[PDB]
There are 6 protein chains.
Amino acid sequence: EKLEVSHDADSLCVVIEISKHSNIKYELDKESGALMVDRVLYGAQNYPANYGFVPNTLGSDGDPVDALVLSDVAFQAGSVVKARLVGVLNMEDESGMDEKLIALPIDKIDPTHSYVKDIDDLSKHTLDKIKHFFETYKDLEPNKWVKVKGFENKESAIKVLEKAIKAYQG
Amino acid sequence: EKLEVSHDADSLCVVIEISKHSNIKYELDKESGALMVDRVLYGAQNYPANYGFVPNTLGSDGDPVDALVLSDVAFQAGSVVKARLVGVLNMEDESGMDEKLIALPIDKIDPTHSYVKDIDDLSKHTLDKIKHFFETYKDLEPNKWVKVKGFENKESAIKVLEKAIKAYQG
Amino acid sequence: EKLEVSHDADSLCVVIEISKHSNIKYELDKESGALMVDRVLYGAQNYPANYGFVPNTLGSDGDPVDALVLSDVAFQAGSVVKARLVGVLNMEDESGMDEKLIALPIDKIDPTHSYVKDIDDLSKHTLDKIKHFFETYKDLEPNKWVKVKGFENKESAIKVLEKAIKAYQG
Amino acid sequence: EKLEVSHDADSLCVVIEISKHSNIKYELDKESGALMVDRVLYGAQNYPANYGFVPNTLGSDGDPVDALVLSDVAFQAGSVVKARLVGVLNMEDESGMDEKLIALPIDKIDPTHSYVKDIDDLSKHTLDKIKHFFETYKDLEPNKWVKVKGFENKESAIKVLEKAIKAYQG
Amino acid sequence: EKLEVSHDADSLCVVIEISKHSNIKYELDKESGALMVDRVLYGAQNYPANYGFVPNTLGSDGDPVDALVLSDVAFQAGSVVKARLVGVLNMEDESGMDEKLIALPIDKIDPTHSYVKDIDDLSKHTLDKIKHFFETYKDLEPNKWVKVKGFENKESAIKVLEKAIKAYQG
Amino acid sequence: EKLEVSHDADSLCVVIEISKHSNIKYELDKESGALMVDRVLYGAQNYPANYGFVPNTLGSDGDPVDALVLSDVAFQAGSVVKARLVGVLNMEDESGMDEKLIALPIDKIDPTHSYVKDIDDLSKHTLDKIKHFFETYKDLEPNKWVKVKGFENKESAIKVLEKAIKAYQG
């Protein structure tokens, strides 16, 4: 399946593994292309946005860099969406430092938030909800935890992405 | 509207103001009978059960004692359901000590959890989810907070209810 | 609340107590106007249509004559809808002979099935689903049962309605 | 039921008759307090926001002034929400000139769009969707039509509201 | 993935890319088999039916002939459904003449509309909704438009299909 | 796609073809990996749990042994979930004797029912609903029927699974 990849920070594709408002976390097994049921959120929570990963990249944890795709609608898990970066969320968990790219679907797809140029263009409310979600969505999971540092603009996200792309190429 | 009340701990009625899986907290204005939109949860959360109150009772905060109605389905806000007590959840918030009765719809209505005789019959998972919800659903709300103490069996809940009924009668 | 009633067989109003696709059966307490949670279907079923009753009428069981409002959408329980009769479903349960009027919302409201003039205009599939639902939705409920006889055209339904209206007037 | 009214442009209450994403248009019969099913949208559409009316006011068409309550969530029809004005949408239909207030729930309820101070703060996308909805949601309804003029800021909306309040008082 | 194709006008398979009531338009990348997020409807609309394409065919626009699968339920995007033709919808857009086959799932799958033998058997309401959807679902999309001509019976649809099958074979 | 299989009775994987509460029965075509729409339930019913099959096994009917995955949430059709056995449901249909494994997702995925060690740990209500579903979900389907025998503990299910695994290996 996965063989297409576009890596432009303003036209990079994200593979949705989790849909917005969903409490079921899926994970794609690149070899089988099979959508795996990784887990069901322990608490009365649900993802604040569409969750996925950028293919052909290597993040800090050995897996392709993760990315959250913000929008009013929830994309189907297993679907792919061309998006653009606007920032990045830095946090720390039991495994180590974790980086999560903040993206929005490209305008030719969905222009509801075309006005969002950088991380600071997203409303305060949304950022707090997302940050609070990650800071607590693993509270009830034994020997698991998260400590959110904060967000960083688009320029910072591009570097995370580019570094993740090179790591996969060598 | 509200004029019917049954107060038996095994056949008391609860007025649903919030449906399960909903992130919108409603509140009934007894005088108008109008379903009021109290607030939309700040975080990416949703109620772990149906939320309502027992009419003709007076809780610690001056309002009718609150009660959570557990079940697999979500009841419509504004609807009334005959339930039975199985326990009570004790917590503390910015306003003071808060008590929330834990109930289940009576069997002639829905017998999915008829096997649940006491608080300890509910699975550990469910109790942790409910407790975690209340312990965090007000994190992002300025000058608001909650500090959950724990659960107490049915015998303890009956006393809370009976005390709440007498307080309203005098 | 309830004080408005229109009784024309082609413009009679139905008070929705159950929405289509819902497994939760509500019942309106005319005195309180409170939407009561009567029960949650024991089996893996859901109503094949919107369920309600015609106000100011007296059916065979002492309660206002029941009526099913067919349409593609599900109406909110507690809402009222002006409909027109097209037939009636005759069945027998533990309480006795039961009659359920088959109606459709008036065209100025929803004209999706304006072509349905009589019971025989509804597709075979829909009629079997509705009949099968009632014939089994009470299988798991102790000491409760249903034995569906069949459907009868519009002319037959009008007589059921008119008889139900007179019974309430005297 | 309806007896409470707050009329401050920044704390006025709206009675929701239609929930966001719903294709079923409800209408409240003030006398009965009964939620009436006015109609089901003829086309493959759904309201771009929560639709309701401000009580104790008299709009251009003889009924209480209408108002759209924008938010990410859909409020239950029949519920009441304290909101604040940010603008107004002017249009023309078969009945005459129609005015629809554009509002947002007050922050103590839902602060997702607290940053929206005036009509021009809402994204272009949202305004076009709302305008396009009204400009076409009545295309298939015989002898019915709409011709949207445009939006007007908050200062303009306040005057519409205040004029609607006085009209009801005399 | 795609290697199975049945081409009988009464047993041809359609690959669902869009589910009924959905506002998210997906598109399958035959090479990757990856479900692509093509776009989110600009207006407050949603598809009047399941949308997909017939594999191993070549339509007027160079892509496999499109087909709408009508039914009461919404099929999951990426799923395949054996259907039968009943007509075809002719329209014109910025790209040129567009043809969209009107189909229904075969009876051994879903017999709700088995009575529909030809395009004229579908209710007027449904046809107008579908036609109105296409005539306006691209209004807000810059440099894009649609001008619906009308529907044509089953005999006409078979010719469109057969012509689309031959075009792919040579 | 399908090439991964784990066969431990406490860590065996199930390929979800039907999600809980869904009335649409999907079936995976192992060769194409295409999710096929097998049928839409004739009656007003919906699956009491997630339905799927264990890959690399051969059941009594020539197809991989079937298994129901119980949980509070509905898994997406086409997704895979690691589960554990707790029992088996024996029934008879027009094709012959049918066996359906009763499983629960492994705890590292979803521990809501970790307390369920054997078939007898599941509530009576749930078992009756599941049994009643299968005993009637094919009533309206011509020349099709089911006659449920009953449930059998985990030890019995393991033998069914192991026998199904060997049958596929030779």
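Preceding this paragraph is the structure being described.
Residues numbered from 1 in each chain as written, not as in the entry; some residues may be left out. Chains lettered and ligands numbered in written order. Heavy atoms only, no water.

Side note on a negative patch on the surface
Link 1 in the chain: Residues A:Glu1, A:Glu4, A:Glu31, E:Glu1, E:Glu31, F:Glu1 and F:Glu4 make up a contiguous surface patch of negative charge.
Link 2 in the chain: For A:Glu1, the location among the structural elements is in the segment before β1 (12–18).
Link 3 in the chain: A relative accessible area of 42% means that A:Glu1 is categorised as partly exposed. (Patch = residues over 30% accessible without salt bridge, like charges linked within 9 Å, V, L, I, M, F, W, Y side chains within 5 Å. Areas by Shrake-Rupley, 256 points an atom, 1.4 Å probe, with all protein chains shown as cover. Salt bridge = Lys/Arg side-chain N within 4 Å of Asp/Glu carboxyl O. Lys, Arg positive; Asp, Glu negative; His and termini not counted. Charge placed at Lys NZ, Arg CZ, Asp CG, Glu CD. Helix = DSSP H or I, 4+ residues; strand = E, 2+ residues; numbered from the N terminus. Buried < 20%, exposed > 50% of the residue type's maximum accessible area, 1.4 Å probe, protein only.)

Here's the deal with the interface of chain B and chain A
In many analyses, interface size is given as the accessible surface area lost on bringing the parts together.
Link 1 in the chain: Chain B puts 14 residues into the contact, and the matching count from chain A is 14 residues.
Link 2 in the chain: Together, B:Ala44, B:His132 and B:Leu140 form the three largest contributors to the area buried by chain B at its contact with chain A, with a combined 44%.
Link 3 in the chain: Where chain B meets chain A, there are 0 salt bridges.
Link 4 in the chain: Across the contact surface, chain B and chain A share 4 residue pairs in polar contact. (Contact = heavy atoms within 4.5 Å. Buried area = accessible area lost by both parts, 1.4 Å probe. Polar contact = N/O pair within 3.5 Å; in protein donor to acceptor, adjacent residues only side chain to side chain.)

Points about the pattern of salt bridges
Link 1 in the chain: Scanning the entire structure with this criterion turns up 54 salt bridges over all chains.
Link 2 in the chain: Linking D:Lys149 and D:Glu92 is a salt bridge whose minimum nitrogen-to-oxygen distance equals 3.3 Å. With D:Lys149 in strand β8 (residues 146–152) and D:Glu92 in strand β6 (residues 79–93), this residue pair connects regions lying 57 residues apart in the sequence.
Link 3 in the chain: Among the charged side chains, a network of salt bridges with common partners joins A:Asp66, A:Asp98 and A:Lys100.

Regarding the packing of aromatic side chains
Residue and element names in this part refer to chain A.
Link 1 in the chain: Going through the model one piece at a time under the given rule, you end up with 36 aromatic pairs over all chains.
Link 2 in the chain: When the ring of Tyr 47 is compared with that of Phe 133, the centres are 4.8 Å apart and the planes differ by 55°; the resulting orientation is tilted. Note that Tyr 47 is positioned in the loop between β3 (34–40) and β4 (50–53) and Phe 133 in helix α1 (residues 124–136), a separation of 86 residues in sequence.
Link 3 in the chain: You can call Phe 133 buried: its relative accessible area is 0%.
Link 4 in the chain: Each residue in the set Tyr 47, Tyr 51, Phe 133, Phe 134 and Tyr 137 is aromatic and connected to the rest through ring pairs, giving one cluster. (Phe/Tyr/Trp six-rings, centres within 6.5 Å; stacked < 30°, edge-to-face > 60°.)

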